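These protein sequence lines map, in sequence, to chains A, B, C, D, E, F, G and H. Position in the first sequence (first residue = 1) + 428 = this note's numbering. Position in the second sequence (first residue = 1) + 86 = this note's numbering. Position in the third sequence (first residue = 1) + 560 = this note's numbering. Position in the fourth sequence (first residue = 1) + 569 = this note's numbering. Position in the fifth sequence (first residue = 1) + 30 = this note's numbering. Position in the sixth sequence (first residue = 1) + 64 = this note's numbering. Position in the seventh sequence (first residue = 1) + 64 = this note's numbering. Position in the eighth sequence (first residue = 1) + 30 = this note's numbering.
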Amino acid sequence: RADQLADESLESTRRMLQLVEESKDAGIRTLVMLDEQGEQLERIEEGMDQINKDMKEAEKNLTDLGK
Amino acid sequence: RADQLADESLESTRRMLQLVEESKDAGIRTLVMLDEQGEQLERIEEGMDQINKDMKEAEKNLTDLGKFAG
Amino acid sequence: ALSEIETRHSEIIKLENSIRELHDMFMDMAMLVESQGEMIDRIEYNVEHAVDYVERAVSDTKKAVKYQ
Amino acid sequence: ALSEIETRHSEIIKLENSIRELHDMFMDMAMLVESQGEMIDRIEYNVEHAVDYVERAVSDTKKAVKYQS
Amino acid sequence: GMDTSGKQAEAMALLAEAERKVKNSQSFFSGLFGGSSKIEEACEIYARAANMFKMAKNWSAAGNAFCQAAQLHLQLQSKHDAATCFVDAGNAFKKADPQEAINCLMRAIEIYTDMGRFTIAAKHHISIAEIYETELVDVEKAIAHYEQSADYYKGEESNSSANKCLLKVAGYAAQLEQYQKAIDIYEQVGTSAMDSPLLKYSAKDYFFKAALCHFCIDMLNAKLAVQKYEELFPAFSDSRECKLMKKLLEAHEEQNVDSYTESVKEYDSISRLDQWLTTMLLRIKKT
Amino acid sequence: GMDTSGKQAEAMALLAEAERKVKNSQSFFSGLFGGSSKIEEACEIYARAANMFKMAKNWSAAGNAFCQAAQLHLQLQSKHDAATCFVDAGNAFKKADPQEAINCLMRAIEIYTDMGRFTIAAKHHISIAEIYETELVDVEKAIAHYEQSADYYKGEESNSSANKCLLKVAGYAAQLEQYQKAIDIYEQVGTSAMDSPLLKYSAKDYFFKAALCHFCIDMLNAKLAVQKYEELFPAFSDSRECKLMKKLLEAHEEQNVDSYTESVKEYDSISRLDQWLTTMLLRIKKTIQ
Amino acid sequence: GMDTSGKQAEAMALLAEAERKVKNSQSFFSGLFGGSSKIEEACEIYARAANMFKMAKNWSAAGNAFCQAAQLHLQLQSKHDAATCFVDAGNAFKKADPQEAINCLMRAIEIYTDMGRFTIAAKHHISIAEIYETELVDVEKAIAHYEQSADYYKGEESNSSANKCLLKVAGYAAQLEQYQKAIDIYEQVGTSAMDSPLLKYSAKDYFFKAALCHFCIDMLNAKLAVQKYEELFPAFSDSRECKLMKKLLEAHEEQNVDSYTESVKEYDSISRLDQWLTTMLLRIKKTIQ
Amino acid sequence: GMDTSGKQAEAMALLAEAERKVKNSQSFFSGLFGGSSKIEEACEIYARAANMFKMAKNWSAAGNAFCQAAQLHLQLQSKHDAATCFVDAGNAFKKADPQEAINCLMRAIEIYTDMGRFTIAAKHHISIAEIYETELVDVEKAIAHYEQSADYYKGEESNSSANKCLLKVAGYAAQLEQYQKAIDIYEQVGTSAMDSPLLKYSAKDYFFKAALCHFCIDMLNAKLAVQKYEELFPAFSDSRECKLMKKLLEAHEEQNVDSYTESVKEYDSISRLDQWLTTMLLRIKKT
């Protein structure tokens, strides 16, 4: 019944094909999401820097004017 | 022709094993990496909301005080 | 030949197990990444709103000082 | 029966292509994750600085301008 | 819970004393002209009563309170606060009755555009488009909203979001059988990712779909189109999709339904198909 | 520890100073006026002592100092510093004695929900639930807290976290509560991610536990449930976990222990049965008769 | 469309209003001496007109207005706001006239680096390089800009970004410029990843590139460097690339072009090319004599 | 090149103006009492001068300038700006001469912990430990700093951060022929990783290491530990690691050195090891 063993090997090959391609397809989109994340991070960083500079300059100018 | 059968079989086993283990390790380490950024985003959100509340309330109280002066 | 096919049977079992593990790993990864993306979106909204509020705040405060 | 093992060769070559692609995919996901973390740390630093400075400046200036009267 | 609904009644009493606060504007603000801050605290009590309603799960009342508070507050001042109130009202109206949410979100969009904050406006446009899709049936207005959002996004080099929006637009248009637009969009997005190391592997899918759309109108030109794609991307034929398309088109030369049927069933025997692809194949292969 | 010895020495010093500052508070409320600023300085020194205590490893004293400072602070028509101090006291009490941590966290939650920020309130709710389940032996209050957290999250459109919260609560309820709620929540969540093309590759597992839950009561309605599931989801019938169901039910119809045991043991391969499912299978087995 | 026409009409109206506003401000400064407000609300008019105009799909005049407003603003000792306006004007001109965008972006970079911020300066430099190379055909300026960006990044231990920039610089130089720089940069970057958590099985490719470049120089250097790397990094011994390189070396030794051709053909068949290795291999084959 | 030369020229000029500034500003305070604005402006002169020094590729002078500005600023009774100056000076000293960087970073951590914020203190401590590890050999200070950082992180409920530092400490402790601490940390983190939905997959690895280190003492204890862990983790036997450990034990029982070596070599062939495991295995084989 070694031919039955070979047939089991063939169906195992089918399962390998399905699982491998499925994982591949999921991962590609994983990549696209991780790209979108990096795009957004730059904008949030820039906004933070601008707010920091504006707040610092404004508050220090007001404090100096208070004198 | 069994010679090339054995050769291709040993090639297949070695390559499959090494590739599988490499993928396993790469993945595992990415998984363990993700949690740090998770909690980091938690902390930054906490700080940002605190900033928002404090600045908003400070400015509104200060506008009220300035109106009182004016 | 027999020992070779037995080793290849061990190999097929190992490959099945590893593939399955990768499958689970990937799905978990996906889920977690999506959650992170949502939280990033909300924090970006809040930060931009704070930026606008503070800008108009400083503008109005300096104009009020000018009135003095 | 030998054409069957030829088909086996074809499918194992297909597995070769798929697995090599998977490997390269992981290798290229890795650096992106790392760089994302490297940006997160800096933004965290700056936001902490901003909150601390805002708090202290506003508190001190407010107490000064309210108690001088 | 139940007595939080009793305090929802007492929050309608808060709205009643707010009616007295506007009765202040009616007669008493003559002596309280400086009580503009009194108007502000009237708006604040409006807002917290509305939040109480939100906790009470009375969506219509909460939306009424939000809209009224926004209208009172938008006294040509503190515009962004009115925008926040309007968007909150729209979010509340999302559930239950969503129609007026569209109008309020449009007003908020206008305010933001006057300010120039494009990203938030585009996100809200996406929101109204998806609510149109999932609640009403009109699609053309959704198409217009998506187009405007994509234009705004592409204004500031945020390319990927514009690309996904255009992909959805192309899918809907193809469902609406205006193939020129779909092919244009798919080709643009496909051949705009070929040479970056992160989105490199997607290309195949886009090309395949484009092929099909092309193949829908002029089958004779389909062969030239696929040859052009193959030469443009050397590694396109290797993928299964190109082989399947070649088999389909070559088989169609001879009238043999069995061949294509077996081919498509075999392809489905490796992975399931989606409504979009299956419907397009069923429609097209009929002739 | 010499470092900790000097740390505790200066901690005692600051405690004496803070006692003198509460003396200042009582002398400025009954003896003087405008002590609000003086007791504000008292609050500042109290916060210094509490933080340095936290650095001193004396957690209980740190929590007590935080709570005293917060309750004194509440009297100055200020609510947000209240929140912060209450949350710090709760975090301090998390370790060591956590019982009063529940009360202080409840107070802070009340303040926040009074203010209007909902997400932070939900996060604190989930923290309360996790601490209560991990260290307190009682589960029904965990069910209630998870339910409130789910309500808050799904109210504010943050669907994702809500999904997991509801999933956990229902799964837990399955263990010691009637299975109707389990069925309802599991069925609701399955279809509510079946669409998005990433999260949806997993719903098989949810439908699987739902099938187990239905089976644990009776067989016929379990057959109806599984046939309805596969009618709605054609790709769950030709699955893997799926068949376990057909073989199991066919065996159970014949009342044959051996086949059922060998079938579950077989399924073991290539996936280790976990703690829950195993218990479920044993429970259903015990009543074969 | 009505929107475009109306926006253009009112934009012309606003520009005329701002011009008369600035002339009347020059008049009023002597006439009444109101301070500096006149100019600032003139700048606000300019900015609003510019943003509405860019909304109106017309670009060049928008960037022109941005530049004028930023110039007049910097005239009043306010720098950072003018710098942000410069950056926005450059982003607008990106699709209108490259030269003015480059000039304004350089102005912004210089003022920023004077301020003290380097990361933003490096980002702007990278943008300048990308625009310079993508549409305008020149490399040397791109190399200089990339090198400056990498230097600034390394100034603040942002290792990954500098690594990427240096890798791109080395690739560009190897394509056209001489090889020594490529050798040094590739070898350093590759041997700065042998120790790590994920960046451990990638490095291999870098060494392969280095080997090719060495081989491009001369055969003796090729073999000597290959042995050097063999000893230094043990795992490169068992890389597929290592066997490929050894086969190519020994084939080219005996002047049998058929062996080289079949080897490269088999390599390409097993795995797809990259369009950068193929050119180098063709150039190598060109000198078989 | 030329940019750096000109920058350094005007840098010497600015430093001359700065010393002039400080001298004449103290003189003007004595003779006129103008307040403290001149001290502040002198501070910004130092700051910009240090920035352009950094521009000029001369790190030592930049660090000196930053330190001088920080000390004068804290003399002006303001802390946070002084903190920023000190940390900048430390970053500058990182390269070239780093010894005084240790002192300055310590001062910065001192002020930070004096205020009450902890996370940044942990970050600076880990940076200092990294400096000692990379440039010096006194690993004891590295152990102390890593332990302090882990204490701070774990005290603030940052569970994930603590584990990395504890693992580093455990590895180094095992390096210096001390085994109790390594065993404790490894087993603790492994047990804490039991129920993690994500980390569970890796939970095996740590346990394995422990057994290996635990084997350095005797044999029977190693067997007891491994069987105890297997009981605590039922799935542990699934992986090859248990098979390898059992082979090692049985071989070492009967002085079967060659089979031990060959099994180790086969495990290396299937998957290669690193320096740590190879060194530990060889040290074990020595007896």
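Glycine residues also receive a C-beta, built at the ideal position from the N, C-alpha and C atoms.
Which residues in chain B sit within 7 Å of residue i, going by Cβ to Cβ distance?
{"i": "residue 301 (chain H)", "result": "107"}
Under 8 Å between the Cβ atoms of residue i and residue j?
{"i": "residue 331 (chain F)", "j": "residue 308 (chain F)", "result": "yes"}
{"i": "residue 255 (chain H)", "j": "residue 241 (chain H)", "result": "yes"}
{"i": "residue 612 (chain D)", "j": "residue 473 (chain A)", "result": "yes"}
{"i": "residue 303 (chain F)", "j": "residue 315 (chain F)", "result": "no"}
{"i": "residue 162 (chain H)", "j": "residue 168 (chain H)", "result": "yes"}
{"i": "residue 125 (chain B)", "j": "residue 190 (chain H)", "result": "yes"}
{"i": "residue 188 (chain F)", "j": "residue 200 (chain F)", "result": "no"}
{"i": "residue 119 (chain B)", "j": "residue 575 (chain C)", "result": "no"}
{"i": "residue 38 (chain E)", "j": "residue 86 (chain E)", "result": "yes"}
{"i": "residue 219 (chain E)", "j": "residue 251 (chain E)", "result": "no"}
{"i": "residue 459 (chain A)", "j": "residue 228 (chain E)", "result": "yes"}
Rounded to whole angstroms, what's the CA-CA distance from residue i to residue j? Just pull it up for me.
{"i": "residue 111 (chain H)", "j": "residue 134 (chain B)", "result": "21 Å"}
{"i": "residue 182 (chain E)", "j": "residue 94 (chain E)", "result": "31 Å"}
{"i": "residue 94 (chain F)", "j": "residue 630 (chain D)", "result": "29 Å"}
{"i": "residue 606 (chain C)", "j": "residue 213 (chain F)", "result": "22 Å"}
{"i": "residue 142 (chain E)", "j": "residue 150 (chain E)", "result": "8 Å"}
{"i": "residue 166 (chain G)", "j": "residue 236 (chain H)", "result": "55 Å"}
{"i": "residue 203 (chain E)", "j": "residue 441 (chain A)", "result": "40 Å"}
{"i": "residue 48 (chain E)", "j": "residue 99 (chain F)", "result": "36 Å"}
{"i": "residue 291 (chain H)", "j": "residue 302 (chain H)", "result": "14 Å"}
{"i": "residue 145 (chain B)", "j": "residue 140 (chain G)", "result": "27 Å"}
{"i": "residue 249 (chain E)", "j": "residue 305 (chain E)", "result": "23 Å"}
{"i": "residue 68 (chain E)", "j": "residue 485 (chain A)", "result": "33 Å"}
{"i": "residue 591 (chain D)", "j": "residue 294 (chain E)", "result": "26 Å"}
{"i": "residue 173 (chain E)", "j": "residue 212 (chain E)", "result": "12 Å"}
List, in order along the chain, the chain C residues whose C-beta lies closer than 7 Å to that of residue i?
{"i": "residue 266 (chain F)", "result": "587"}
Report the residue from the options whose alpha carbon sits nearest the alpha carbon of residue i.
{"i": "residue 232 (chain H)", "options": "H:266, H:300, H:108, H:257", "result": "H:266"}
{"i": "residue 306 (chain G)", "options": "G:168, G:291, G:318", "result": "G:291"}
{"i": "residue 120 (chain H)", "options": "H:109, H:103, H:309, H:139", "result": "H:139"}
{"i": "residue 245 (chain E)", "options": "E:317, E:52, E:295, E:117", "result": "E:317"}
{"i": "residue 287 (chain E)", "options": "E:311, E:299, E:303, E:300", "result": "E:311"}
{"i": "residue 162 (chain F)", "options": "F:194, F:132, F:233", "result": "F:194"}
{"i": "residue 45 (chain H)", "options": "H:99, H:166, H:157", "result": "H:99"}
{"i": "residue 196 (chain H)", "options": "H:215, H:285, H:67, H:39", "result": "H:215"}
{"i": "residue 110 (chain F)", "options": "F:86, F:69, F:222", "result": "F:86"}
In chain D, which residues lie with their C-beta within 9 Å of the C-beta of residue i?
{"i": "residue 112 (chain B)", "result": "592, 595, 596, 598, 599"}
Less than 8 Å between CB atoms is the rule here; does residue i satisfy it with respect to chain J?
{"i": "residue 469 (chain A)", "result": "Among the protein chains of the structure shown, namely A, B, C, D, E, F, G and H, there is no chain J."}
Could you work out which residues of chain C lie near residue i, taking near to mean beta carbons separated by less than 9 Å?
{"i": "residue 263 (chain F)", "result": "587, 590, 591, 594"}
For residue i, go through chain C and note every residue whose CB falls closer than 8 Å to its CB, in chain order.
{"i": "residue 135 (chain B)", "result": "606"}
{"i": "residue 224 (chain F)", "result": "594, 595, 598"}
Give me the chain F residues within the contact set of residue i, using Cβ-Cβ distance strictly less than 7 Å, ordered along the chain.
{"i": "residue 146 (chain H)", "result": "115"}
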